[PDB]
């Protein structure tokens, strides 16, 4: 087939990783330039894998790396492959967005999967630790297994961590063979997601075989699968806008049986299960001693599906189908008339969860969603390259004025294009309220300098997105924000603009990465941990002040946004060793929004990872946090001074009369102050250490408190999972839900809290 004319195939290639010392390293690889024919009859396996591996990238024997990104582009066509496509560390596999190409498995295909994102060597060891397998894309493909035997075949071995996405993929599999069909679209053994959007699964034994700590996956369609979704294990998983059609089972979450359930929790929102034998198979019963198998249904239709929820241990129909299920919860609930202050295990349908109309799509009544923009219809001439217009991107030159002038000059029908590189910013960049910005394979934008961002007593925004009260369209995609050296006064992004319509103001595949990699000066040599000594809290190891601030009047749509403070060093020489980086605050949301956050994560800040202050109209699904591993050496009262202009938590005061004072002074997972109409559909809020020691895991007591609701907040929490916090949820200083009352298979889990 002809070239599509998609801008990405043609835009001038001027990108280069600033901290790769090879001046000839090529970020962009078109597989046909490596000899792929794309006719569906020539074997293209070698050419595709060569396009990925070229340039001494992070493969076997490489723990991780950030200086060898690649964007591997597949023009329209059909690519016959007979061995796995091995996606090296930090690879974007980008099929043509206008006419997604087919990856066609040969009849005699051999290997784990058509795409393997984490191979196993002959010793059974992964190339990369699954929890460290960050910063990936696979987008715009048809994966066709129908020439393979019905007894074998997997589309993608998707064993990955955060800042990863599958987007716009069709999986075509065989429908014959009965119980002997074993094809599956995704095979996932473990990991720590992550986002998936806009997937279609046709046929196979399993649309997806899933196992992961946590994931957010929305707009998935399953047609004619035996089981659409086999949930092998998890701690939490949020599905939204799932369409299951003519399957035997929709979601199987009964693995392990009633005395060994390995699925922690599942949430299913805004979905439809059609012409399916059993909608959801579960082993949960409210008389069980634990919370494993927690399930939330919210706005799920069950057309032509006679059994909506079945207990497959007893064979008993829990919920009848052929109706709309407004709300269903099984697991433990707190608050309101049902659970109260002590909590109660339930398995019941109940009243609809009414959500503010400003959060909803008016055409569907579902919570509003929008996938990462690829600008299919924008001609290449509308793209304004920052490097063509005076920015150097070399990680040393001050690019502030050039970037500001570009932002001031572009008109709304253009798109600012960040060529790959590292762009040093030394004072506030004012982003206008009508702009579109997209990056070449996660370019770095780094707050640098030696004064402007140095003062935690006088913090300053790095990117100031709109001025207060402005409204328009601001879209950013495929970027990383960080610091060049310590910048403890940097507010990485201050979000003032509001979208003219839902989704018109937002971030997609935009991450904040504080420390840990080449260019930050915050790596193993500077910031290695030392748990045996009282932490000196080196000034050279500070991060930023606050990674994201949605101010009053601001409104944003966030999807696949990882707000990460480095727990360990990422270049291969560091061998994943752990470091101390002191970053004050994660995500702070204020005002009436709305704010949507799909597949966001915020990890390892000192004071809090998410905080809402005087906020309304917040929808997050699902969220994930971690406490920094060095606490409590130092504890959360250091090294950031309490600043009431940000409603900072004051642990010295809040922990004074704590009955668990030894670990009270620890970062909040979620803190809500005077905030209402906040909805959280799925949360994994984890505390894994005390001064790098994990003894506290044995007694689920690495910290005292994890979620705080304060000042008459009204927050709706669904599928709240926490790890090793004595109190899961505290209201006005009073512990409400305790870990010991809600034990799951690893975390503790509350199905439903409403205030």
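Numbering follows the first chain given and starts at 1.
K.L.:
Between 721-729 and 707-715, name whichever shows the higher mean Cα B factor according to the PDB entry.
P.N.:
Looking at the record's C-alpha B-factors, the answer is 707-715.
K.L.:
When the Cα temperature factors in the entry are averaged, is it 698-706 or 43-51 that ends up higher?
P.N.:
Mean C-alpha B-factor is greater for 698-706.
K.L.:
Per the entry's Cα B factor values, which of 212, 181, 520, 265 stands out as the maximum?
P.N.:
Of the options given, 181 has the highest CA B-factor in the PDB entry.
K.L.:
What's the residue among 490, 527, 156, 296 with the greatest CA temperature factor in the PDB record?
P.N.:
Each of 490, 527, 156, 296 was compared by C-alpha B-factor; the highest is 527.
K.L.:
Once the chain's modelled residues are ordered by C-alpha B factor and cut into thirds, is residue 603 in the lowest, middle or highest one?
P.N.:
Lowest third of the chain for residue 603's C-alpha B-factor.
K.L.:
State the tercile, meaning the lowest, middle or highest third, of residue 118 with respect to the CA B-factors recorded for its chain.
P.N.:
Bottom third by C-alpha B-factor.
K.L.:
With respect to C-alpha B-factor, does residue 34 fall in the lowest, middle or highest third of the chain as deposited?
P.N.:
Residue 34: CA B-factor falls in the middle third of its chain.
K.L.:
Once the chain's modelled residues are ordered by C-alpha B factor and cut into thirds, is residue 583 in the lowest, middle or highest one?
P.N.:
Residue 583: CA B-factor falls in the middle third of its chain.
K.L.:
If you rank every modelled residue in this chain by C-alpha B factor, which third holds residue 419: lowest, middle or highest?
P.N.:
As the PDB entry reports it, the C-alpha B-factor of residue 419 lands in the middle third of its chain.
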